[PDB]
Each structure stands twice: as structure tokens, then as C-alpha cells.
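Chains H and L are the protein sequences, given in the same order.
Everything in the first sequence is counted per PDB author numbering, starting at 1 for the first residue and increasing by one.
Everything in the second sequence is counted per PDB author numbering, starting at 1 for the first residue and increasing by one.
C-beta atoms are modelled at their ideal positions from N, C-alpha and C, and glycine is treated no differently.
Okay, so here's the structure we're looking at.
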Amino acid sequence: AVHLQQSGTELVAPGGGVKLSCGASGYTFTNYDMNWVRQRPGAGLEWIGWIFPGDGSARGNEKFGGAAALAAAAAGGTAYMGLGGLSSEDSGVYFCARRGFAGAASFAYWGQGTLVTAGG
Amino acid sequence: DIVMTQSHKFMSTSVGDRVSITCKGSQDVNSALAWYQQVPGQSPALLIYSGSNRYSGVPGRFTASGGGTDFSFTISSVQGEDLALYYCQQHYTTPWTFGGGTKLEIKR
């Protein structure tokens, strides 16, 4: 029973960052890298970046260079994505995603999504 | 950045019919391509891995082909619960990117 459980809805004001979480269970956390994806109405599904729980590596989409900080906490089996200085351009649903095999970077496991809404 | 184009935002079909959605990566991404299905309020579900391989638990009416720059997702006999969104994704070179999606809808 592999599973990714994400945290609740976020109502955030301009400026001010927010850090989201993803509790991973059913598999050894460090064995797989955690990925993050963004989904907005227009603009679509966009890959954010990844992090390895084995050593803390961080490869990120140029498009999210400053906006996202991917940190992971072992003993938590938990992953986090800290978002920057939220403008409305950041309002959307954020997904926690993992692979299934290790010969396919396809995302076979997904969190249920965390809705972030930026309003003042 | 590789670009995945799903030309048909919407595609009309019927229950019991056959459909084919197409994707076109701007570059040759060989076989590094995935297909996902998404239903409202839900996260994407992996349907196809490596261009033509089914994922686990994924039904037989779901097929996919391609291996180069053009890829096609296919449903042998469409069921009422397949009238969702299908996303294209390239995992050949970063940054990973997704197509804009194709929503299947019932013709009437």
C-alpha cells in the first residue's frame, strides 16, 4: 500500500511564503526521490523539481528557480516544498509525486494535492 | 525546454467507440514518455509508461504507441468513466514537461 498524503488547503496573502508537506508511507522513503508538480487552470501541469532523501539533492525547474525550496525530513518519511513570495500567479494545486519503477521516471504515485490560494 | 503539443483540447466520442489522442514532442524523446488520466478533484493517474507500456492495474482498453516525436493514446472501446482528461509527459530530459491535455467528451 504505497501512499502519499498531503497537507490541507492554504489561504495565503501576497508576500509570505508557505511550506507544504507530503507524508510518504508504505515504502522506504530514502529509496525514492520525491517530485513536485504544479497545476493551474490555464498554464496546465508543470513539473517543479525533485529531492533525494538519501543525501538531500535538489534538482529544480529553471522556471521555479527561486519560488520553490525542496527539503526532506527522514524519520518523518516526510517531504516538504517551501514556496516563496506568493503572488496570485502562484495560486493553484500542488502535487507530491513519486516513481513506480526505477527504469521509468514516470510518476506512478501521487499525493491528493494541496490547494494554495493567494488572496489578501 | 521540450514542448508537448496536444492539438485537440477536446475530442468527441461515444460509449462503445474507439478514440485516439495524439501528442507531439518538439524533440525526439525516444521512448521516454508517459500518459496520465485525471478526473476532477483528483490527482493524475499513470496509465502508460515508456511510450507503449501499461502500468499495473490499468485495463486492456488502454493502449498507447509512438516512439520518436509523435505519440498516440488509444481506447479500444470507451466507457462512461473514460470521459476524462489525458495528459502527455516527456521524461527524457529535464525540465520534465506535460502536454496541455485532451478532454474526452460525449458526442450528442
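Nearest CB-CB separation between L/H8 and chain H: not below the 8 Å threshold. Looking only at L/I21, L/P95 and L/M4, the smallest Cα-Cα distance to H/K63 is reached by L/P95. Chain L has no Cβ within less than 8 Å of the Cβ of H/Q5. Taking the Cα positions, H/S106 is about 12 Å away from H/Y32. The beta carbon of H/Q39 sits closer than 7 Å to the beta carbons of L45, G92, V93 and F95 from its chain, once the five residues preceding and following it are set aside; these are given in chain order.
The beta carbons of L/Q37 and L/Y92 sit no closer together than 8 Å. Using a C-beta cut-off of 8 Å, the stretch 64 to 80 of chain L makes contact with the stretch 22 to 34 of chain L, since at least three inter-stretch Cβ pairs fall below that distance. Two segments are said to touch when three or more pairs of C-beta atoms, one from each, lie closer than 8 Å; by this definition the stretch 1 to 19 of chain L does not touch the stretch 40 to 59 of chain L.
Of the candidates H/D90, H/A102, H/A97 and H/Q112, the residue whose Cα lies closest to the Cα of H/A118 is H/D90.
Residue pairing from DSSP places L/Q37 in a beta bridge opposite L/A45 and L/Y86. Under DSSP, H/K19 takes part in a beta bridge, and its partners are H/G82.
Ranking L/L46, L/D28 and L/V78 by CA distance to the CA of L/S12 puts L/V78 first.
Within chain H, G44 and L45 have C-beta atoms less than 8 Å from the C-beta of L/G101, given in sequence order. The beta-carbon of L/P40 is placed no less than 8 Å from the nearest beta-carbon of chain H.
Relative to H/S87, the option among H/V2, H/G8, H/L4 and H/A13 whose CA is nearest is H/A13. The straight-line gap separating the alpha-carbon atoms of L/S31 and L/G66 is approximately 8 Å.
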